[PDB]
Amino acid sequence: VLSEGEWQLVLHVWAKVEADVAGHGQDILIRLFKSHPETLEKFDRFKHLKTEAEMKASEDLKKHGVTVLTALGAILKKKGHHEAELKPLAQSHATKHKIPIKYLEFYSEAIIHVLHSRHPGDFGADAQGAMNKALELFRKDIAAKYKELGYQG
Ligand code: HEM
């Protein structure tokens, strides 16, 4: 469980994200594909993009990134009370996209890297600790939902 203080640190840095959701979304997706190239294989609509600049120029990748962060932001703002928001994401990610929890770990590492890169003064040790805990909670709870659906990834 996160404390109220941890939640507040999460939401404080999240507000910075919300100043430029698109740009954050692009940077996180790009970082994910650079750090863990196998994750790109899971995206039929993006895996033809061959360079960082093609990734940055893709409207579809940018639109997707905004969809992803909007969903994550809505989750985070529930401070752990996120069943209603998490369920549909679990459904799709288990049954259609087939995303293993290890790939969620990779995505979480990309989130932390971008936030630190763009907001180091508002993303020191305690903030990073808090966001890692929020993301860990998300991964824990999605995994349980995955299993309820019969998916063991
Ligand atoms: C914090 C982690 C993540 C969040 C919040 C998230 C969120 C979303 C949302 C909101 C959508 C659109 C609705 C849906 O299909 O459920 C989506 C689609 C998708 N997600 Fe994720 N996602 C996450 C992680 C991942 C990871 C790590 C991968 C792959 C390695 C992945 C692969 C996909 C794919 C392939 C789609 C369909 C994209 C399309 O063609 O339109 N997701 N995701």
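When a residue number appears, it is its place in the shown sequence, counting from 1. All ligand and atom numbering here is 1-based and tracks the order in the structure.
Counting the atoms of ligand 1 from 1 in the order shown, those under 4.0 Å from a heavy atom of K42 are 35 (C). Distances below 4.0 Å separate heavy atoms of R45 from the following atoms of ligand 1: 39 (C), 40 (O), 41 (O). The distance from ligand 1 to the heavy atoms of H64 drops below 4.0 Å at these ligand atoms: 17 (C), 18 (C), 19 (C), 38 (C). Which parts of ligand 1 touch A71 is read off a 4.0 Å heavy-atom cut-off, strictly below it: atoms 10 (C). Atoms of ligand 1 lying under 4.0 Å from any heavy atom of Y103, numbered from 1 in the order shown and given with element: 27 (C), 30 (C).
With rounding to the nearest 0.5 Å, the separation of CG in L104 from NZ in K140 is 15.5 Å. Taking CD of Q91 as the start and CG of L149 as the end, the distance is 5.0 Å to the nearest 0.5 Å. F46 CZ to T39 OG1: the interatomic distance, rounded to the nearest 0.5 Å, is 12.0 Å. Rounding to the nearest 0.5 angstrom, the gap separating the NZ atom in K62 from the CE atom in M55 is 16.0 Å.
The nearest N, O or S atom of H93 is closer to atom 21 (Fe) of ligand 1 than 2.8 Å.
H119 and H12 share no side-chain donor-acceptor pair at under 3.5 Å.
For the ligand labelled ligand 1, residue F138 lies inside the 4.0 Å heavy-atom shell.
Taking distance alone, with nitrogen or oxygen atoms compared against 3.5 Å, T67 stays at or beyond that limit from ligand 1. Considering backbone and side-chain N/O atoms, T39 never comes within less than 3.5 Å of an N/O atom of ligand 1.
A salt bridge links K79 to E4: at least one charged side-chain nitrogen sits closer than 4.0 Å to a carboxylate oxygen. Salt bridge status for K78 with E83: absent, with no side-chain N to carboxylate O gap under 4.0 Å.
Atom 14 (C) of ligand 1 has as its closest protein heavy atom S92 OG, 3.4 Å. Shortest contact from atom 15 (O) of ligand 1 to any protein heavy atom: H97 NE2, 2.8 Å. In this structure, atom 7 (C) of ligand 1 lies nearest to the protein heavy atom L89 CD1, 3.4 Å. Protein heavy atom closest to atom 4 (C) of ligand 1, with residue, atom name and distance, is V68 CG1, 3.7 Å.
Nearest-residue assignment for atom 31 (C) of ligand 1 (options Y107, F33, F43, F106; heavy-atom criterion): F43.
The hydrophobic clustering, which links ILVMFWY residues whose side-chain heavy atoms are closer than 4.5 Å, places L115 and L9 apart.
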Can you list the steps and then say if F43 with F33 is a ring-ring contact (aromatic ring centres under 6.0 Å, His included)? CA-CA 10 Å; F43 292 86; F33 298 149; 5.3 Å; yes

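Between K56 and the options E59, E54, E52, a salt bridge (charged side-chain N to carboxylate O under 4.0 Å, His left out) holds for only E52.
In this structure, atom 25 (C) of ligand 1 has protein heavy atoms in its sub-4.0 angstrom surroundings.
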